[PDB]
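Colleague: What follows is the file final29.cif, containing mmCIF, C-alpha atoms:
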```cif
data_data
loop_
_atom_site.group_PDB
_atom_site.id
_atom_site.type_symbol
_atom_site.label_atom_id
_atom_site.label_comp_id
_atom_site.auth_asym_id
_atom_site.auth_seq_id
_atom_site.Cartn_x
_atom_site.Cartn_y
_atom_site.Cartn_z
ATOM 1 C CA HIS W 1 -8.508 0.650 8.365
ATOM 2 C CA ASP W 2 -8.290 3.797 6.206
ATOM 3 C CA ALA W 3 -12.083 3.782 5.729
ATOM 4 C CA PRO W 4 -12.373 6.754 8.159
ATOM 5 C CA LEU W 5 -10.047 8.730 5.858
ATOM 6 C CA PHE W 6 -12.758 8.781 3.168
ATOM 7 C CA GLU W 7 -14.892 10.813 5.599
ATOM 8 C CA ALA W 8 -12.485 13.709 4.969
ATOM 9 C CA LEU W 9 -12.639 13.208 1.193
ATOM 10 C CA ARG W 10 -16.422 12.887 1.501
ATOM 11 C CA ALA W 11 -16.448 16.482 2.766
ATOM 12 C CA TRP W 12 -14.738 17.659 -0.429
ATOM 13 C CA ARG W 13 -17.042 15.372 -2.434
ATOM 14 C CA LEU W 14 -20.069 17.381 -1.250
ATOM 15 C CA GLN W 15 -18.432 20.653 -2.339
ATOM 16 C CA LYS W 16 -17.353 19.022 -5.602
ATOM 17 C CA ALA W 17 -20.953 17.941 -6.260
ATOM 18 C CA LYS W 18 -22.109 21.569 -5.993
ATOM 19 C CA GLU W 19 -19.778 22.533 -8.856
ATOM 20 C CA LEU W 20 -20.887 19.531 -10.942
ATOM 21 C CA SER W 21 -24.543 20.151 -9.985
ATOM 22 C CA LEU W 22 -25.114 16.376 -9.642
ATOM 23 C CA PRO W 23 -25.266 13.907 -6.682
ATOM 24 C CA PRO W 24 -22.027 13.185 -4.727
ATOM 25 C CA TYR W 25 -22.165 9.399 -5.175
ATOM 26 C CA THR W 26 -22.574 10.024 -8.914
ATOM 27 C CA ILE W 27 -19.178 11.756 -8.959
ATOM 28 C CA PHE W 28 -17.518 8.419 -8.121
ATOM 29 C CA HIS W 29 -18.593 4.830 -8.871
ATOM 30 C CA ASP W 30 -19.789 2.680 -5.949
ATOM 31 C CA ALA W 31 -16.934 0.191 -6.489
ATOM 32 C CA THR W 32 -14.394 2.929 -7.244
ATOM 33 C CA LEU W 33 -15.393 4.810 -4.079
ATOM 34 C CA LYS W 34 -14.468 1.758 -1.983
ATOM 35 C CA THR W 35 -11.071 1.626 -3.692
ATOM 36 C CA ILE W 36 -10.394 5.222 -2.634
ATOM 37 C CA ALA W 37 -10.873 4.323 1.049
ATOM 38 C CA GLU W 38 -8.493 1.353 0.750
ATOM 39 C CA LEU W 39 -5.871 3.516 -0.988
ATOM 40 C CA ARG W 40 -4.617 6.735 0.644
ATOM 41 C CA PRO W 41 -1.573 7.816 -1.435
ATOM 42 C CA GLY W 42 -2.799 11.414 -1.080
ATOM 43 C CA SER W 43 -2.667 12.159 -4.834
ATOM 44 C CA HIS W 44 -5.515 11.254 -7.213
ATOM 45 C CA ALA W 45 -3.067 10.515 -10.052
ATOM 46 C CA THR W 46 -1.184 8.167 -7.714
ATOM 47 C CA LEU W 47 -4.471 6.480 -6.837
ATOM 48 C CA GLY W 48 -4.093 4.864 -10.262
ATOM 49 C CA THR W 49 -7.879 5.086 -10.469
ATOM 50 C CA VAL W 50 -8.568 8.469 -12.095
ATOM 51 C CA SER W 51 -10.991 8.411 -15.050
ATOM 52 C CA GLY W 52 -13.776 10.626 -16.443
ATOM 53 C CA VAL W 53 -12.892 13.074 -13.648
ATOM 54 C CA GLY W 54 -9.796 14.131 -15.627
ATOM 55 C CA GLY W 55 -10.398 17.459 -17.404
ATOM 56 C CA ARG W 56 -10.453 21.218 -16.729
ATOM 57 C CA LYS W 57 -12.496 20.440 -13.606
ATOM 58 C CA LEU W 58 -9.561 18.296 -12.444
ATOM 59 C CA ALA W 59 -7.501 21.493 -12.173
ATOM 60 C CA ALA W 60 -10.215 23.033 -9.977
ATOM 61 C CA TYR W 61 -10.657 19.809 -7.984
ATOM 62 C CA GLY W 62 -7.557 17.743 -7.146
ATOM 63 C CA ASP W 63 -4.619 19.875 -5.961
ATOM 64 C CA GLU W 64 -6.878 21.296 -3.231
ATOM 65 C CA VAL W 65 -7.801 17.752 -2.175
ATOM 66 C CA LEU W 66 -4.113 17.071 -1.471
ATOM 67 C CA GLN W 67 -4.202 19.956 1.004
ATOM 68 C CA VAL W 68 -7.358 18.453 2.524
ATOM 69 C CA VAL W 69 -5.717 15.020 2.815
ATOM 70 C CA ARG W 70 -2.717 16.495 4.655
ATOM 71 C CA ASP W 71 -5.145 18.162 7.079
ATOM 72 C CA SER W 72 -6.573 14.713 7.901
ATOM 73 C CA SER W 73 -3.052 13.634 8.921
ATOM 74 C CA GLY W 74 -3.338 16.144 11.789
ATOM 75 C CA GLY W 75 -0.222 18.039 10.649
#
```
Would it be possible to restate this file's structure as structure tokens?
Modeller:
Amino acid sequence: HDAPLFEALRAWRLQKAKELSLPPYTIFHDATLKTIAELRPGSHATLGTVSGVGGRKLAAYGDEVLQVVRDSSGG
């Protein structure tokens, strides 16, 4: 189960919420959030589920997440 992997993304989600100034769950949809746990390609564009989040903020949030995902791999 890759559910535990979301816990790592959840950490970035909290930091991402600070920049947006809104709640963390609001950043992603309840159904979409579940899809992220099931999928773990490492890249948001590869997720095939990127929408609304695309924009200048995507440049600030996204590439750094890839680095965070690799950290979850343990190396």
Colleague: Can you list, as a ChimeraX atom specification, the residues that the PyMOL selection byres ((chain W and resi 7-18) around 12) selects here?
Modeller: /W:2-6,19-28,33-34,36-37,40,42-44,53,57-58,60-74
Colleague: What is the atom CA of residue 41 of chain W to atom CA of residue 55 of chain W distance in Å?
Modeller: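 Between atom CA of residue 41 of chain W and atom CA of residue 55 of chain W the gap is 20.6 Å.
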Colleague: Figure out the distance between atom CA of residue 49 of chain W and atom CA of residue 31 of chain W, please, to one decimal in Å.
Modeller: 11.0 Å
